[PDB]
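Take a look at the structure set out below.
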Amino acid sequence: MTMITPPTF
Amino acid sequence: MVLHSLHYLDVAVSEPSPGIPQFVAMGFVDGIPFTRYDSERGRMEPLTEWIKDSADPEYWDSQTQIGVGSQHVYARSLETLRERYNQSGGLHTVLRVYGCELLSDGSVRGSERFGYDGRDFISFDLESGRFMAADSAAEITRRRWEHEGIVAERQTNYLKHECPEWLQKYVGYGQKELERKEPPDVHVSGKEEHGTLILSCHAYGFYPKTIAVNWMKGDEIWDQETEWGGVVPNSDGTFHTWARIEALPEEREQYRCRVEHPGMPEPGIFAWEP
Amino acid sequence: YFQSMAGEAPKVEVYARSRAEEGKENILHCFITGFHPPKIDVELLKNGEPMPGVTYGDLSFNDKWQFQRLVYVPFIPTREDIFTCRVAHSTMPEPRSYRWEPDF
């Protein structure tokens, strides 16, 4: 989807 | 070799300020910004006519929700690192770069890197399929992510499949802007100062960034006496650079500037013409 | 302590979009790189007066996580004027002025 959400820390 | 790149830079801060949104995501194709999400605007938006013309509204609507969702994950990520490193409130920053590159042989390089408060936190490399943590505090995220299998699968999938799929489309839509060559306009200035001639070769408005600017004396490149600027961006997507040398003013006519750029059919030679 | 912070202290390049021609419209840029943290005071000045219609490009950063910002303004170079970029950051003990080198 071109951008992705970062994984949570 | 690298033919094309798609990269995203994320900047997330704990407290916004003038010209620093809580969250900004910027996309680049081949080093050139084409999209931005900014938490003040609250929407993903085109930075080029070519993405505006080729994207349909599902592109802006989905990117917008992905930016907002990112805003919320970096907010929780900042609280988490704040507690973990035992810090007090105030300006804190999470950064991320991620993207892929299309190589000469039809192969995919891709990576994802996170920075916190200006140092490495955690990074992912497609080849290794594992996270490198900078310190014990990233080793906690790495251990959580490694233990569950999920994050590695989701990033690989993106960096190996969706990210180059999108890059191929963007090179389709932006061919005209991205393949274009603008030659530098080259001009040599000179001023005498404390008895030294300072000679500056200025290259204005070139694209792409790739350029050779050197000073010559006689048959030699006088590279040991040269200072170079960066290749730095103009507001309109083109680039600027310069190269400066000091000369005896009686020797002015022994100095010339050689410039080579893909937008110039021939290399040019430039001298100070007062 | 300030000597000790040179590694996060901004580098500044001041340059026109084009070769200056007297009274012909142009763009003055101030490209600031290598700074952490990201808060920074930048003013573009004609003869020491803030120029109107300055655009603060967005933050980016490099391979070492140091911030960069492009700042720029329409201007009209004359041989008679001095165009500076004043920058203040927390890594600097005082504000530094960077002059545009006229190339007419």
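Letters A, B, ... mark the chains of the structure tokens in the order given; residue numbers begin at 1 per chain; ligand numbers begin at 1, in order shown.
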Going by DSSP on the backbone, which residues of segment 35-219 of chain B come out as strand (DSSP E or B)? List them as a PyMOL selection string. chain B and resi 35-38+43-46+93-103+108-116+119-125+130-133+182+185-193+196-207+212-217
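Residues in contact with residue 135 of chain B at 12 Å, where only C-alpha atoms are counted and same-chain residues fewer than 2 positions away are skipped, are listed as residues 84, 85, 115, 116, 119, 120, 121, 122, 123, 131, 132, 133, 137, 138, 139, 140, 141 and 142 of chain B.
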Selection: 8 Å around residue 8 of chain A, only C-alpha atoms, excl. self and same-chain fewer than 6 positions, as a PDB file with C-alpha atoms, in the first residue's frame:
ATOM      1  CA  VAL B  73       2.060   4.360  16.773  1.00  0.00           C
ATOM      2  CA  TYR B  74       5.022   6.864  17.011  1.00  0.00           C
ATOM      3  CA  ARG B  76       3.095   5.284  21.816  1.00  0.00           C
ATOM      4  CA  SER B  77       6.650   4.429  20.640  1.00  0.00           C
TER       5      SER B  77
END
Excluding segment 46-52 of chain C and residues on its chain fewer than 4 positions from it, collect all residues at most 12 Å away from it, counting only C-alpha atoms, and give them as a PyMOL selection string. chain C and resi 27-28+42+71-86+97-100
Quick one: contact table of chain B to chain A, 8 Å max, nearest atom pair and distance in Å to one decimal per residue, counting only C-alpha atoms, chain and number order, as JSON lines?
{"residue": "B:8", "atom": "CA", "partner": "A:3", "partner_atom": "CA", "distance": 7.4}
{"residue": "B:62", "atom": "CA", "partner": "A:1", "partner_atom": "CA", "distance": 7.8}
{"residue": "B:63", "atom": "CA", "partner": "A:3", "partner_atom": "CA", "distance": 6.6}
{"residue": "B:66", "atom": "CA", "partner": "A:5", "partner_atom": "CA", "distance": 6.0}
{"residue": "B:67", "atom": "CA", "partner": "A:5", "partner_atom": "CA", "distance": 7.4}
{"residue": "B:69", "atom": "CA", "partner": "A:5", "partner_atom": "CA", "distance": 6.6}
{"residue": "B:70", "atom": "CA", "partner": "A:5", "partner_atom": "CA", "distance": 5.0}
{"residue": "B:73", "atom": "CA", "partner": "A:8", "partner_atom": "CA", "distance": 5.9}
{"residue": "B:74", "atom": "CA", "partner": "A:8", "partner_atom": "CA", "distance": 7.5}
{"residue": "B:76", "atom": "CA", "partner": "A:8", "partner_atom": "CA", "distance": 7.4}
{"residue": "B:77", "atom": "CA", "partner": "A:9", "partner_atom": "CA", "distance": 5.2}
{"residue": "B:80", "atom": "CA", "partner": "A:9", "partner_atom": "CA", "distance": 6.8}
{"residue": "B:81", "atom": "CA", "partner": "A:9", "partner_atom": "CA", "distance": 7.7}
{"residue": "B:141", "atom": "CA", "partner": "A:9", "partner_atom": "CA", "distance": 5.6}
{"residue": "B:151", "atom": "CA", "partner": "A:7", "partner_atom": "CA", "distance": 6.8}
{"residue": "B:158", "atom": "CA", "partner": "A:4", "partner_atom": "CA", "distance": 7.7}
{"residue": "B:162", "atom": "CA", "partner": "A:2", "partner_atom": "CA", "distance": 6.5}
{"residue": "B:163", "atom": "CA", "partner": "A:2", "partner_atom": "CA", "distance": 5.7}
{"residue": "B:166", "atom": "CA", "partner": "A:2", "partner_atom": "CA", "distance": 5.9}
Report, in Å with one decimal, the straight-line distance from atom CA of residue 89 of chain B to atom CA of residue 36 of chain B. 27.7 Å
Residue neighbourhood residue 267 of chain B, 12 Å, only C-alpha atoms, exclusion window fewer than 4 positions, as a PyMOL selection string: chain B and resi 183-184+186+211-214+257-263
Write the residues of the selection above to a file with N, CA, C and O atoms, as a PDB file, in the first residue's frame.
ATOM      1  N   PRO B 183      20.903  20.915 -17.887  1.00  0.00           N
ATOM      2  CA  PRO B 183      22.301  21.207 -17.703  1.00  0.00           C
ATOM      3  C   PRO B 183      22.443  22.339 -16.708  1.00  0.00           C
ATOM      4  O   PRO B 183      21.539  23.145 -16.527  1.00  0.00           O
ATOM      5  N   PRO B 184      23.601  22.381 -16.034  1.00  0.00           N
ATOM      6  CA  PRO B 184      23.944  23.481 -15.169  1.00  0.00           C
ATOM      7  C   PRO B 184      24.177  24.688 -16.078  1.00  0.00           C
ATOM      8  O   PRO B 184      24.767  24.530 -17.156  1.00  0.00           O
ATOM      9  N   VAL B 186      26.686  27.610 -15.874  1.00  0.00           N
ATOM     10  CA  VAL B 186      27.961  27.693 -15.132  1.00  0.00           C
ATOM     11  C   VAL B 186      28.481  29.108 -15.237  1.00  0.00           C
ATOM     12  O   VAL B 186      28.438  29.672 -16.324  1.00  0.00           O
ATOM     13  N   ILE B 211      27.250  15.343 -11.048  1.00  0.00           N
ATOM     14  CA  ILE B 211      28.054  16.425 -11.682  1.00  0.00           C
ATOM     15  C   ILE B 211      29.529  16.348 -11.312  1.00  0.00           C
ATOM     16  O   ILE B 211      29.858  16.031 -10.214  1.00  0.00           O
ATOM     17  N   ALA B 212      30.386  16.665 -12.265  1.00  0.00           N
ATOM     18  CA  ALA B 212      31.846  16.872 -12.110  1.00  0.00           C
ATOM     19  C   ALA B 212      32.168  18.368 -12.250  1.00  0.00           C
ATOM     20  O   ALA B 212      31.826  18.945 -13.278  1.00  0.00           O
ATOM     21  N   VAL B 213      32.692  18.987 -11.208  1.00  0.00           N
ATOM     22  CA  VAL B 213      33.150  20.402 -11.181  1.00  0.00           C
ATOM     23  C   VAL B 213      34.553  20.359 -10.623  1.00  0.00           C
ATOM     24  O   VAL B 213      34.671  19.962  -9.491  1.00  0.00           O
ATOM     25  N   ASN B 214      35.541  20.680 -11.397  1.00  0.00           N
ATOM     26  CA  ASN B 214      36.953  20.654 -10.966  1.00  0.00           C
ATOM     27  C   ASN B 214      37.624  21.930 -11.496  1.00  0.00           C
ATOM     28  O   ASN B 214      37.375  22.321 -12.651  1.00  0.00           O
ATOM     29  N   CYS B 257      37.731  26.095 -14.893  1.00  0.00           N
ATOM     30  CA  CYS B 257      36.771  25.195 -14.280  1.00  0.00           C
ATOM     31  C   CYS B 257      36.183  24.274 -15.349  1.00  0.00           C
ATOM     32  O   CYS B 257      35.679  24.801 -16.376  1.00  0.00           O
ATOM     33  N   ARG B 258      36.311  22.962 -15.151  1.00  0.00           N
ATOM     34  CA  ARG B 258      35.766  21.907 -16.022  1.00  0.00           C
ATOM     35  C   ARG B 258      34.496  21.399 -15.362  1.00  0.00           C
ATOM     36  O   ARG B 258      34.522  21.117 -14.176  1.00  0.00           O
ATOM     37  N   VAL B 259      33.425  21.351 -16.128  1.00  0.00           N
ATOM     38  CA  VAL B 259      32.121  20.840 -15.694  1.00  0.00           C
ATOM     39  C   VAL B 259      31.595  19.824 -16.714  1.00  0.00           C
ATOM     40  O   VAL B 259      31.624  20.048 -17.953  1.00  0.00           O
ATOM     41  N   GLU B 260      31.139  18.715 -16.175  1.00  0.00           N
ATOM     42  CA  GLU B 260      30.570  17.610 -16.969  1.00  0.00           C
ATOM     43  C   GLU B 260      29.263  17.266 -16.257  1.00  0.00           C
ATOM     44  O   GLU B 260      29.181  17.313 -15.025  1.00  0.00           O
ATOM     45  N   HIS B 261      28.211  17.115 -17.027  1.00  0.00           N
ATOM     46  CA  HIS B 261      26.869  16.810 -16.514  1.00  0.00           C
ATOM     47  C   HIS B 261      26.137  16.133 -17.648  1.00  0.00           C
ATOM     48  O   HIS B 261      26.341  16.502 -18.802  1.00  0.00           O
ATOM     49  N   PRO B 262      25.307  15.115 -17.328  1.00  0.00           N
ATOM     50  CA  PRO B 262      24.567  14.369 -18.345  1.00  0.00           C
ATOM     51  C   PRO B 262      23.671  15.215 -19.268  1.00  0.00           C
ATOM     52  O   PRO B 262      23.338  14.746 -20.320  1.00  0.00           O
ATOM     53  N   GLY B 263      23.239  16.398 -18.823  1.00  0.00           N
ATOM     54  CA  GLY B 263      22.406  17.337 -19.622  1.00  0.00           C
ATOM     55  C   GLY B 263      23.197  18.203 -20.616  1.00  0.00           C
ATOM     56  O   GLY B 263      22.581  18.952 -21.369  1.00  0.00           O
TER      57      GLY B 263
END
